[PDB]
Amino acid sequence: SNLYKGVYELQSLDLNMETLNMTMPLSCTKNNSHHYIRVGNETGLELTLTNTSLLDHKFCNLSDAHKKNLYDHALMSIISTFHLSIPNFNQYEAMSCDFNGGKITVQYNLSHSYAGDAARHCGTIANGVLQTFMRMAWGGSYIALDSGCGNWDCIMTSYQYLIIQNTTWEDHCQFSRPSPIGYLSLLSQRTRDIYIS
Amino acid sequence: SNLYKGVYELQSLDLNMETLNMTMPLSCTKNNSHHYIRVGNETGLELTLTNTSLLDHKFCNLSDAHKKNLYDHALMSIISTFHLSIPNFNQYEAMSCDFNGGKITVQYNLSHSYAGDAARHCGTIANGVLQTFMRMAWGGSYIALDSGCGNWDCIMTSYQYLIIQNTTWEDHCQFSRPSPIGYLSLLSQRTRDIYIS
Amino acid sequence: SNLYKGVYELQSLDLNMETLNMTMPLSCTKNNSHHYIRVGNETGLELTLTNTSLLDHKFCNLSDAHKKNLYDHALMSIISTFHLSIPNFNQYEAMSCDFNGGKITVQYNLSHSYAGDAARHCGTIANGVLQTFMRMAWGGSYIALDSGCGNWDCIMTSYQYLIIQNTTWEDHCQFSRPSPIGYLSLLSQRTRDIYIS
Amino acid sequence: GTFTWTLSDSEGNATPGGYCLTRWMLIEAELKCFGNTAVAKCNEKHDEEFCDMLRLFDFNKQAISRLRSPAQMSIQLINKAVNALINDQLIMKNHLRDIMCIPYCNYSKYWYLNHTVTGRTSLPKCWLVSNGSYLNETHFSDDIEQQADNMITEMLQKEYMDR
Amino acid sequence: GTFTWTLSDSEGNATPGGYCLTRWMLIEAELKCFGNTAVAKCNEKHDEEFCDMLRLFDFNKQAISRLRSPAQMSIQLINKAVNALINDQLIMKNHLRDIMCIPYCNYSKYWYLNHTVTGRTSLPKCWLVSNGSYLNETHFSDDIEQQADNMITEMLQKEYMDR
Amino acid sequence: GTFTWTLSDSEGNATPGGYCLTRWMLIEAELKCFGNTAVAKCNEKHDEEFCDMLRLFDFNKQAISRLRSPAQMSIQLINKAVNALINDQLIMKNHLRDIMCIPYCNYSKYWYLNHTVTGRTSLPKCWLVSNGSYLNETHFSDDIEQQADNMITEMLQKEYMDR
Ligand SMILES: *[C@@H]1O[C@H](CO)[C@@H](O[C@@H]2O[C@H](CO)[C@@H](O[C@@H]3O[C@H](CO[C@H]4O[C@H](CO)[C@@H](O)[C@H](O)[C@@H]4O)[C@@H](O)[C@H](O[C@H]4O[C@H](CO)[C@@H](O)[C@H](O)[C@@H]4O)[C@@H]3O)[C@H](O)[C@H]2NC(C)=O)[C@H](O)[C@H]1NC(C)=O
Ligand SMILES: *[C@@H]1O[C@H](CO)[C@@H](O[C@@H]2O[C@H](CO)[C@@H](O[C@@H]3O[C@H](CO[C@H]4O[C@H](CO)[C@@H](O)[C@H](O)[C@@H]4O)[C@@H](O)[C@H](O[C@H]4O[C@H](CO)[C@@H](O)[C@H](O)[C@@H]4O)[C@@H]3O)[C@H](O)[C@H]2NC(C)=O)[C@H](O)[C@H]1NC(C)=O
Ligand SMILES: *[C@@H]1O[C@H](CO)[C@@H](O[C@@H]2O[C@H](CO)[C@@H](O[C@@H]3O[C@H](CO[C@H]4O[C@H](CO)[C@@H](O)[C@H](O)[C@@H]4O)[C@@H](O)[C@H](O[C@H]4O[C@H](CO)[C@@H](O)[C@H](O)[C@@H]4O)[C@@H]3O)[C@H](O)[C@H]2NC(C)=O)[C@H](O)[C@H]1NC(C)=O
Ligand SMILES: *[C@@H]1O[C@H](CO)[C@@H](O[C@@H]2O[C@H](CO)[C@@H](O[C@@H]3O[C@H](CO)[C@@H](O)[C@H](O)[C@@H]3O)[C@H](O)[C@H]2NC(C)=O)[C@H](O)[C@H]1NC(C)=O
Ligand SMILES: *[C@@H]1O[C@H](CO)[C@@H](O[C@@H]2O[C@H](CO)[C@@H](O[C@@H]3O[C@H](CO)[C@@H](O)[C@H](O)[C@@H]3O)[C@H](O)[C@H]2NC(C)=O)[C@H](O)[C@H]1NC(C)=O
Ligand SMILES: *[C@@H]1O[C@H](CO)[C@@H](O[C@@H]2O[C@H](CO)[C@@H](O[C@@H]3O[C@H](CO)[C@@H](O)[C@H](O)[C@@H]3O)[C@H](O)[C@H]2NC(C)=O)[C@H](O)[C@H]1NC(C)=O
Ligand SMILES: *[C@@H]1O[C@H](CO[C@@H]2O[C@@H](C)[C@@H](O)[C@@H](O)[C@@H]2O)[C@@H](O[C@@H]2O[C@H](CO)[C@@H](O)[C@H](O)[C@H]2NC(C)=O)[C@H](O)[C@H]1NC(C)=O
Ligand SMILES: *[C@@H]1O[C@H](CO[C@@H]2O[C@@H](C)[C@@H](O)[C@@H](O)[C@@H]2O)[C@@H](O[C@@H]2O[C@H](CO)[C@@H](O)[C@H](O)[C@H]2NC(C)=O)[C@H](O)[C@H]1NC(C)=O
Ligand SMILES: *[C@@H]1O[C@H](CO[C@@H]2O[C@@H](C)[C@@H](O)[C@@H](O)[C@@H]2O)[C@@H](O[C@@H]2O[C@H](CO)[C@@H](O)[C@H](O)[C@H]2NC(C)=O)[C@H](O)[C@H]1NC(C)=O
Ligand SMILES: *[C@@H]1O[C@H](CO)[C@@H](O[C@@H]2O[C@H](CO)[C@@H](O)[C@H](O)[C@H]2NC(C)=O)[C@H](O)[C@H]1NC(C)=O
Ligand SMILES: *[C@@H]1O[C@H](CO)[C@@H](O[C@@H]2O[C@H](CO)[C@@H](O)[C@H](O)[C@H]2NC(C)=O)[C@H](O)[C@H]1NC(C)=O
Ligand SMILES: *[C@@H]1O[C@H](CO)[C@@H](O[C@@H]2O[C@H](CO)[C@@H](O)[C@H](O)[C@H]2NC(C)=O)[C@H](O)[C@H]1NC(C)=O
Ligand SMILES: *[C@@H]1O[C@H](CO)[C@@H](O[C@@H]2O[C@H](CO)[C@@H](O)[C@H](O)[C@H]2NC(C)=O)[C@H](O)[C@H]1NC(C)=O
Ligand SMILES: *[C@@H]1O[C@H](CO)[C@@H](O[C@@H]2O[C@H](CO)[C@@H](O)[C@H](O)[C@H]2NC(C)=O)[C@H](O)[C@H]1NC(C)=O
Ligand SMILES: *[C@@H]1O[C@H](CO)[C@@H](O[C@@H]2O[C@H](CO)[C@@H](O)[C@H](O)[C@H]2NC(C)=O)[C@H](O)[C@H]1NC(C)=O
Ligand SMILES: *[C@@H]1O[C@H](CO)[C@@H](O[C@@H]2O[C@H](CO)[C@@H](O)[C@H](O)[C@H]2NC(C)=O)[C@H](O)[C@H]1NC(C)=O
Ligand SMILES: *[C@@H]1O[C@H](CO)[C@@H](O[C@@H]2O[C@H](CO)[C@@H](O)[C@H](O)[C@H]2NC(C)=O)[C@H](O)[C@H]1NC(C)=O
């Protein structure tokens, strides 16, 4: 449109959010099944959407993680923030975790929609997980299996598991630019949306 | 007073909050012992203040409600929001619930003020329940047994039970206009006021 | 500097926050090891930083405190607010409490940094306690063993215990003026900083 | 004509001289139209019961129109929306006033000054209740007079050449 | 003369030229009176340590006068009141500054510019502390000069005919 | 030249005509400098994606410079800082818009009007995205025109003698 009721240019900006890396986590998208969180120098989390499973335990050994420690700080805070932002989740077998050398490895088991095709539509804990996932990383989360706007909740995707693991900070942010906003959105307010009791 | 330092009229408005019915709950007052919450098309909750009792169980079967499901969504969220907005309540027998066909039926047992006349003045869980009740529905809550302003907390009313059940949405809002504000007040901030630990 | 681009004086104020005593708690500093909270007429809490121990129980008898009652209201709310503002604390033996005539007496056991010298640097629950302590009372908290700014968290002080007890309201606020701000800071937002699960 | 208080991408009602409250916003009659320069106050004031209701209605319209929302009202969307929309601090101030015997807003009734000579309005402000009912304009008093002063000021500052 | 920052229903001290801080608000002397047009800034600024203390005192007065509050201070009323009254965001900014070695407000001391020729004031702003004590006016410096510019502007915009 | 949006004690960049965004704030080139009277809007507006990013960068600079933060990023400091810095309400509004198919800000891209004749700028405002990508200026449209009106107004009110 050039000028706007006088001589004015738009002169746009694109912020280098990467330089915020040393103080708060930055999330991004790599491809359809992978999202990442940078938490410090050469370190961060890998968020994987898959149909396979790594952890067959039904226990989440938090009593060890918070007593024996031996875990990475900050990465633990991020996963706890994420986990506790999910509505209506208790455990229900899903969300088991193993810190005995696998450290932060935790998995959500989205398959608990049960049956097949949309199953527990608008009720599955899987949607609670997906909605939290899409806040942890957002904007660039649209290429995940969540598809279509104006369709809030009741997503019912085809991936069976969400697996979260610690990784190195390689140049993973190929689909979307890194941003502190996802983490800040989960952290800020939360909205509680407890359901339970 | 007519005009105000020039020619001005007051021209008042009265908002039709009912049209907000399809997106968020609306609470109102029917009469001294009854308050209601609309949650959707032809559906909502009935809040009853009484001296009788329907549920003689001392169990609140939430482990079934959140595992077997078979419950109405939204209505469950409203009661959980309400319940968790009460300060200092644990269970203390009171607040048992039965979802085995009675669905949302829950009751608070305000009689746990003990003794008679004002008893555990400024300490009973009943006041925690009454104060939460008067936020769930407010403005028109003044005809409930809570009586006198400038007397915060230490209400000590004569009803023995608060019973919450699912109802149909009949034209219940005879004493006060429906409003989203009560729910929003409980939801927003909460103030925590935990007491426990 | 006298006048400021015209004739202006600075005319400073110093607020008498003490007159706020009858509605909300006021915290202050007495000396290096002692801080206080006023909660009402001739009553408040004593916060002691020491190397001795009064309570050798490893139990925090809250199940009695919130069931048998027999405890002071408001003082209980303040300690619960304080306690629940500490990040990552579970119990870990520390934070036992005894209300059987000792009423609010609770102690935090800062010695769980383990070893000696800075030990579990940036990880001890003791720092969680110290940071909460320095919000309960602040500004004048600098003479406590926390020393040096620009060194956030990882404080690792030399006191072994934080003991909180009910006292009379004597003229304790000798080092700093009483202020509602400490309590308000803990109460407001909290920041959650849960860590656990 | 765009607003910051709206969730819509300037979809409408920000340009035709003002924003109109329709018969489904109002219980009585229709089209109470507030000039855009008045409505725009809701863009930044951050403390007004009327503006807070206005945002809540704007949400409702968008949520119904775009989501349909059969069966459930998506209470979980609301939980997100309130943190985005409702000015929690004000709600609690009105709550305290009820506790304290101080006239407070229960959000149903509003008043405004209408300069019927020209048709300009001040925007609605809450009428307030106490002791179970509405206040008289005779005790409400001075706040009306103060609102008139503000409109007077606007009409003088309205001069384009200066002021 | 009405305020939005007050909980009262315009009970008083909004009309007699200004709002006075009494000897129970102040440790020293009495009646530090701030003109109503200055005080009114607390109605909408939404970020000022002085205004936040002002609301807290207003609450205290109403709570004691109307509730009596024998035995207990109704800490639960306070929990409601703070969400209504205290500007949490500002409190945390001052907290961070303490952590960070940046001068911060501990809320006890305020300064203002007093144009003693006419008696107008800027309203108090926090004096700030660092390294365990109060700052010198010589390092505080420019912020005073900037506040003076604001008062100068007001005195020129005070002209009724225009500006 | 001091700001309220900054955590620093007026350490710098509030006085040399404006605040500059450096090459580590920007991905492209360097020194996008916004005049102080424009930047100052972030002191009180309380609702702007650009200003919120500006505070977040200011924090980052102070946190790194003063704390060093080896090994850990002190996520717990961040939890305190966000309550102090990020305007939660706005973040949720952009979140709702994504849910609702309404163009929303993902915070990476901003636009402003640059009156290159004189060099004045409006400050950045978020460009917005929808359907996975950025909007055209042709649909963005009127909001630009409205921003131009605001700059026009400022240039006329800039007159020192009056207005
Ligand atoms: C807010 O929303 C916007 C809109 O979707 C997001 O913008 C995208 O951001 C990603 C990541 O920065 C960009 O991805 C890049 O795509 C390039 C493809 O090249 C073709 O398309 C571009 C489009 O502009 C043409 O200019 C070009 O000529 C080609 O036709 C890749 O080549 C890029 O690779 C390089 O960077 C990566 C970074 O990790 C390196 O690993 C590579 O080795 C290489 O150096 C890159 O993949 C995408 O193009 C942007 N889209 C648009 C429309 O601008 C924002 O990121 C989002 N913001 C936030 C914070 O979430
Ligand atoms: C904020 O606070 C105000 C003040 O208390 C509340 O206002 C009341 O709202 C209720 C519900 O809308 C009104 O109740 C009605 O009372 C009528 C009684 O008629 C006599 O009194 C009126 C008083 O104005 C005279 O005009 C009339 O001539 C009579 O002398 C009933 O006839 C009404 O019944 C009709 O509506 C109900 C709605 O459910 C239908 O079921 C009935 O079949 C019938 O059609 C009704 O009961 C009350 O009068 C209002 N009081 C005042 C002073 O205005 C606000 O509701 C409250 N706002 C919120 C959101 O909480
Ligand atoms: C914000 O931060 C400031 C700066 O640190 C704190 O200000 C201090 O507040 C304390 C408590 O009010 C003051 O303590 C007093 O010190 C006196 C020492 O006297 C010498 O030093 C003063 C310094 O001004 C000289 O004027 C004097 O001539 C001497 O050389 C004591 O004599 C005082 O004792 C009296 O008051 C106590 C109150 O409990 C009584 O018990 C005693 O019996 C006696 O009557 C008192 O101990 C301290 O001086 C202040 N420092 C400064 C630099 O001003 C703020 O309190 C803090 N605000 C908040 C809310 O936290
Ligand atoms: C603020 O004051 C103005 C001026 O009084 C109000 O405008 C007036 O509103 C009424 C009712 O909507 C209009 O009456 C119309 O009468 C015809 C028949 O004559 C009928 O067919 C229409 O349906 C309608 O009832 C009246 O013409 C209109 N006045 C002017 C000059 O246009 C305004 O409604 C008041 N407040 C607000 C917030 O709008
Ligand atoms: C802002 O500056 C003005 C002007 O200096 C201050 O007003 C002045 O305040 C003093 C102290 O309250 C008044 O002194 C009085 O003296 C008589 C005896 O002469 C005594 O009986 C009174 O009790 C009082 O001490 C002084 O008269 C008054 N000046 C004027 C012109 O009225 C003002 O207090 C300063 N700041 C604020 C916030 O009020
Ligand atoms: C708002 O518009 C003004 C006016 O166009 C922009 O100022 C201009 O910015 C460019 C790029 O920084 C300057 O170019 C310089 O060219 C010399 C060689 O001729 C080179 O050595 C420098 O490194 C630089 O590239 C240009 O001189 C400058 N114009 C003026 C009159 O000073 C401004 O950058 C735009 N927006 C913002 C937010 O700053
Ligand atoms: C992770 O989830 C699987 C369930 O995965 C799918 O969905 C189920 C509803 C069912 O149709 C499975 O066949 C699908 O593969 C858990 O495995 C089964 O869980 C069901 C109860 O829902 C149980 O009856 C089966 O016996 C389980 N399978 C076996 C071989 O025993 C799996 O245990 C979950 N793992 C964790 C750690 O939570
Ligand atoms: C609901 O509450 C009643 C208590 O109701 C009243 O208040 C009591 C303090 C006592 O004075 C009762 O007589 C009054 O009717 C519970 O019933 C009794 O509870 C007390 C302990 O408080 C116990 O000693 C009695 O034995 C109980 N009554 C009988 C017949 O056993 C009742 O159990 C509560 N129900 C639920 C579901 O919580
Ligand atoms: C309060 O803490 C002490 C621990 O205090 C110090 O730090 C320990 C790491 C150790 O070095 C002690 O010697 C120091 O005095 C608890 O007492 C001991 O706890 C350790 C486990 O950490 C255990 O092995 C010892 O046997 C305990 N001491 C004795 C005599 O049994 C003490 O129990 C804690 N008290 C409460 C109520 O929590
Ligand atoms: C993971 O495996 C399941 C089967 O166990 C796949 O489920 C369905 O597959 C058909 C055929 O591809 C689709 O048309 C259905 O829509 C799928 N179910 C759902 C709920 O969408 C599932 O597609 C596999 N997931 C992925 C991502 O490959
Ligand atoms: C996730 O964290 C673990 C724990 O630090 C990493 O595994 C360690 O790698 C170092 C490499 O020098 C070894 O010395 C340690 O013995 C390993 N620890 C354990 C428990 O095996 C792991 O590599 C990290 N994941 C990624 C992808 O970097
Ligand atoms: C509020 O209105 C309801 C419904 O009209 C009243 O409840 C009924 O009262 C009649 C009285 O003869 C009983 O026969 C019905 O069995 C009651 N029905 C239900 C569902 O309880 C209620 O009593 C009224 N309350 C007040 C204070 O007047
Ligand atoms: C429910 O039953 C109890 C008795 O078990 C009634 O308690 C008292 O009744 C007397 C006489 O009516 C009143 O003057 C007292 O004030 C009542 N107690 C309290 C705490 O107020 C009680 O009134 C009955 N409740 C209702 C609403 O009928
Ligand atoms: C509260 O909810 C229950 C559960 O839906 C309602 O009871 C059902 O009513 C339908 C009517 O067609 C029957 O077909 C179902 O079999 C009933 N379910 C059960 C568990 O009995 C109940 O009517 C609702 N309460 C009110 C007042 O509407
Ligand atoms: C802070 O002041 C208190 C009270 O004056 C000091 O506590 C007393 O110290 C004397 C020293 O001879 C003991 O005999 C008392 O038994 C102590 N009383 C109590 C209740 O502890 C305290 O030691 C002072 N702290 C500092 C750092 O000086
Ligand atoms: C409490 O006792 C412990 C020993 O059990 C003291 O620990 C160290 O003491 C030496 C010598 O005074 C110091 O130089 C060390 O710095 C202390 N440890 C730590 C973590 O700082 C401890 O000083 C005693 N505490 C007090 C306040 O007296
Ligand atoms: C902390 O609270 C307890 C409980 O009230 C106080 O102890 C009581 O003191 C009165 C004094 O008249 C005695 O009659 C009570 O019998 C005591 N109660 C118990 C359980 O022993 C104690 O004094 C308070 N602490 C301080 C320092 O005041």
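- In the PDB archive, cryo-EM is given as the structure determination method for this entry, at a resolution of 3.72 Å.

### Considering the overall build of chain D
1) Next: From N to C terminus, chain D includes six helices and eight strands.
2) Next: Considered along the principal axes of its C-alpha atoms, chain D spans approximately 50 × 45 × 30 Å.
3) Next: Here chain D holds 163 residues, and 54% of them are scored as buried.
4) Next: The contacts of chain D with a sequence gap of at least 6 include a subset with a gap of at least 24, amounting to 50%.
5) Next: For chain D, the distance from the average site of its 16 positive side-chain charges to the average site of its 20 negative ones is 6 Å.

### Examining the pattern of salt bridges
1) Next: Following the criterion strictly, the structure yields 36 salt bridges over all chains and no others.
2) Next: Among the salt bridges present, the one from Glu 93 of chain C reaches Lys 58 of chain C, with a minimum N-O distance of 2.9 Å. Of this pair, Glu 93 of chain C sits in the loop between helix 2 (75-83) and strand 5 (96-97) while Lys 58 of chain C sits in the loop between strand 4 (43-50) and helix 1 (62-65); the two residues are 35 residues apart in sequence, bridging distant segments of the chain.
3) Next: Under the relative-accessibility criterion, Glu 93 of chain C is labelled partly exposed at 41%.
4) Next: Overall, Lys 58 of chain C belongs to the partly exposed group, its relative accessible area being 47%.
5) Next: Of the charged contacts in the structure, one is a salt bridge between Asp 143 of chain E and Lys 125 of chain E, with a shortest N-O distance of 2.8 Å.

### What about helix 6 (residues 142-157) of chain D?
Every α-helix winds through 3.6 residues per turn, so residues three or four apart in the chain are directed the same way.
Residues and elements named next belong to chain D.
1) Next: The terminal C-alpha atoms of helix 6, which comprises 16 residues, lie 22 Å apart, in line with the 22 Å expected from a rise of 1.5 Å per residue.
2) Next: Within helix 6 the residues assigned to the buried category are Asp 143, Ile 144, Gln 147, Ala 148 and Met 151. The arc that holds every buried residue of helix 6, seen down its axis, measures 145 degrees, which confines them to one face.
3) Next: Here the buried face of helix 6 lies against strand 3 (109-111), strand 4 (114-115), strand 5 (120-121), strand 6 (125-126) and helix 5 (137-140).

### A closer look at the site of ligand 7
All names here are of chain A.
1) Next: Looking at ligand 7, the residues that line it are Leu 55, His 57, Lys 58, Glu 93, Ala 94, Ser 96, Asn 109, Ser 111, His 112 and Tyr 114.
2) Next: At 3.3 Å, a side-chain N or O of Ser 111 approaches an oxygen atom of ligand 7.
3) Next: Considering ligand 7 on its own, with 730 Å² of exposed area, one finds that the protein chains cover 43% of that surface.
4) Next: Tallied by class, the residues present in the shell around ligand 7 amount to three nonpolar, five polar and two charged.

### Overview of the site of ligand 12
Residue and element names in this part refer to chain B.
1) Next: The environment of ligand 12 is formed by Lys 30, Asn 31, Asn 32, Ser 33 and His 34.
2) Next: Taking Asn 31, its side chain carries an N or O atom lying 2.5 Å from an oxygen atom of ligand 12.
3) Next: Residue composition of the shell around ligand 12, by class: no nonpolar, four polar and one charged.

### What to know about the interface of chain A and chain C
1) Next: Taken together, the contact pairs 16 residues of chain A with eleven residues of chain C.
2) Next: Both faces considered, chain A and chain C share a buried interface measuring about 1000 Å² in area, 45% of it formed by carbon and sulfur atoms.
3) Next: On the chain A side of the contact with chain C, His 66, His 73 and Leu 84 of chain A bury the most area, a combined 38% of that side's loss.
4) Next: For the interface between chain A and chain C, the tally reads zero salt bridges.
5) Next: Linking chain A to chain C there are four residue pairs in polar contact.
6) Next: Per-element tally for the side of chain A that touches chain C: the top contributor is helix 2 (residues 75-83) of chain A, with five residues.
7) Next: In terms of residue class, the side of chain A that touches chain C is built from six nonpolar, seven polar and three charged.

### So, the pairing of strand 7 (residues 161-168) of chain B
On a regular strand, each side chain points to the face opposite its neighbour's, so the side chains alternate between the two faces of the sheet.
Residues and elements named next belong to chain B.
1) Next: Bridge count for strand 4 (residues 43-50) against strand 7 is eight bridges, and the pairing is antiparallel. Counted as the bridge partner of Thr 48 is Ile 163 from strand 7.
2) Next: As paired elements, strand 6 (residues 106-107) and strand 7 share two bridges and run antiparallel to each other. Looking at the pairing, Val 106 lines up with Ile 164 of strand 7.

### Digging into the packing of aromatic side chains
1) Next: Counted according to the given criterion, the structure contains 36 aromatic pairs over all chains.
2) Next: When the ring of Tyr 142 of chain B is compared with that of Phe 175 of chain B, the centres are 5.6 Å apart and the planes differ by 55 degrees; the resulting orientation is tilted. Taken together, the positions of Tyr 142 of chain B in the loop between helix 3 (125-136) and strand 7 and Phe 175 of chain B in the loop between strand 7 and helix 4 (181-187) put the pair 33 residues apart, joining distant regions of the chain.
3) Next: On the basis of relative accessibility, which here comes to 41%, the residue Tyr 142 of chain B falls in the partly exposed class.
4) Next: The residue whose ring lies beneath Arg 120 of chain C is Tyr 114 of chain C, and the NZ or CZ to ring-centre distance is 3.9 Å.
5) Next: One cation-aromatic arrangement involves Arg 23 of chain D over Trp 24 of chain D; the distance from NZ or CZ to the ring centre is 5.2 Å.

### Details of the interface of chain A and chain F
By a widely used convention, the size of an interface equals the accessible area lost when the partners come together.
1) Next: Facing 43 residues of chain A, the contacting portion of chain F comprises 56 residues.
2) Next: Together, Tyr 8, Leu 13 and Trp 138 of chain A form the three largest contributors to the area buried by chain A at its contact with chain F, with a combined 16%.
3) Next: Where chain A packs against chain F, one counts one salt bridge.
4) Next: Ionic pairing is found between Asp 149 of chain F and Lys 5 of chain A, a salt bridge with its closest N-O pair at 2.7 Å.
5) Next: Breaking the side of chain A that touches chain F down by element, the ones donating at least two residues are strand 1 (13-14), helix 2 and helix 4 (181-187) of chain A.
6) Next: When residues in the side of chain A that touches chain F are grouped by element, the largest group, five residues, is from helix 4 of chain A.
7) Next: Taken together, the residues of the side of chain A that touches chain F break down into 23 nonpolar, 15 polar and five charged.
8) Next: Two elements, strand 1 of chain A and strand 3 (residues 109-111) of chain F, share two bridges in a ladder whose sense is antiparallel. Bridge pairing in strand 3 of chain F places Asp 14 of chain A opposite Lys 109 of chain F.

### Re the arrangement of the chains
1) Next: The smallest C-alpha distance separating chain C from chain D is 12 Å, and no contact links them.
2) Next: No interface is formed between chain A and chain E, the nearest pair of C-alpha atoms being 12 Å apart.

### Details of the pairing of strand 4 (residues 43-50) of chain A
Residue and element names in this part refer to chain A.
1) Next: Buried residues dominate strand 4, accounting for seven of its eight residues.
2) Next: Pairing of strand 3 (residues 34-40) with strand 4, which is carried by six bridges, proceeds in the antiparallel orientation. Opposite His 35, over in strand 4, you have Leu 47 as the bridge partner.
3) Next: Linking two consecutive strands that pair antiparallel, namely strand 3 and strand 4, is a turn of two residues; a positive phi of about 60 degrees is found at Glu 42 within it.

Quick notes on the rules
Residues numbered from 1 in each chain as written, not as in the entry; some residues may be left out. Chains lettered and ligands numbered in written order. Heavy atoms only, no water. Helix = DSSP H or I, 4+ residues; strand = E, 2+ residues; numbered from the N terminus. Buried < 20%, exposed > 50% of the residue type's maximum accessible area, 1.4 Å probe, protein only. Contact = heavy atoms within 4.5 Å. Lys, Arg positive; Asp, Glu negative; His and termini not counted. Charge placed at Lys NZ, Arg CZ, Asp CG, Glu CD. Salt bridge = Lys/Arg side-chain N within 4 Å of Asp/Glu carboxyl O. Expected span 1.5 Å × (residues − 1). Arc of directions from axis to C-beta. Near = heavy atom within 4 Å. Polar contact = N/O pair within 3.5 Å; in protein donor to acceptor, adjacent residues only side chain to side chain. Areas by Shrake-Rupley, 256 points an atom, 1.4 Å probe, with all protein chains shown as cover. Nonpolar A, V, L, I, M, F, W, Y, C, P; charged D, E, K, R; others polar. Buried area = accessible area lost by both parts, 1.4 Å probe. Pairing = 2+ DSSP bridges. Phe/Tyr/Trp six-rings, centres within 6.5 Å; stacked < 30°, edge-to-face > 60°. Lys NZ or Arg CZ within 6 Å of the ring centre and 35° of its normal.

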